[PDB]
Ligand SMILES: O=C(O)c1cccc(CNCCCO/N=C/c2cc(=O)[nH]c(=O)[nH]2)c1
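One chain follows as structure tokens, the form solved without this ligand.
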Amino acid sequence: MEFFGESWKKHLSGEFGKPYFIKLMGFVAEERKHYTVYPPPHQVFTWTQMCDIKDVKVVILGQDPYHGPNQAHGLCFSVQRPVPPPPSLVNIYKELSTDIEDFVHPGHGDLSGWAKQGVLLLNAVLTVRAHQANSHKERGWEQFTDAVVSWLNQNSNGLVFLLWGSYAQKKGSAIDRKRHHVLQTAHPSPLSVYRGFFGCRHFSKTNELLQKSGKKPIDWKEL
């Protein structure tokens, strides 16, 4: 695999040879031949390119990538300029405006600044056919992302997992609550944000936790 961070490849390359992954790449390769597939190949693994796997401190689980032109680019809840922050991200910024005193809305929805600090913005499914949500589900990506989640679960220490919504809470249901910190709440989406996300204060909490264990906190305003 290309466009895949070396530090991550060194620990996860074992997945590339497994049958489920091999079949997966073939399905994706076949899809790209007939339709437009997001994100483009060089951005499918952006989450492995923003920081060394050893610097991962926070994990935010997402589901499917955005299926609109130039929206998805490898990180969950993130969109490239000049795409405006989607409803869910505006609510994320809203919570931050009350939870983190120095946070400022940057106007854009590009979360690369967080990924650079060790915030793994991982979607469960990494590709999607243009304008067809969930089109690439149950093709092999989930087995891969679960493999990634599992590696981090068994090999890291003191990570903070942010599980927002039903899909993420289910996928993160196996995280060791003793070895790691798991914060859960409603999905930031307008349809469920009022059920608990507003007021969850997960960003301030994440930093209090990271800092307590002697780790570098996330400067959320650094986007």
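The first residue of the shown sequence is 1; numbering continues from there.
Same protein, other form: the form solved in complex with this ligand, not shown, and the subject of what follows.
Contact here is defined as any heavy atom lying within 4.5 Å of this ligand in the deposited complex, and by that definition not a single one of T48, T145 and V148 is a contact residue.
Looking at 50-58, 181-189, 28-36, 150-158, the stretch with residues near this ligand in the deposited complex, meaning non-hydrogen atoms within 4.5 angstroms, turns out to be 181-189. Checking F77, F103, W141, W114 against this ligand in the deposited complex, a heavy atom within 4.5 Å turns up for just one residue: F77. Among residues of the shown chain, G62 is one whose heavy atoms approach this ligand to within 4.5 Å in the deposited complex. Of the heavy atoms in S88, some are within 4.5 Å of this ligand in the deposited complex. For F197, no non-hydrogen atom is located within 4.5 Å of this ligand in the deposited complex, even though that partner is not displayed. Contacts between 16-36 and this ligand, taken as any heavy atom within 4.5 Å in the deposited complex, involve no residue at all.
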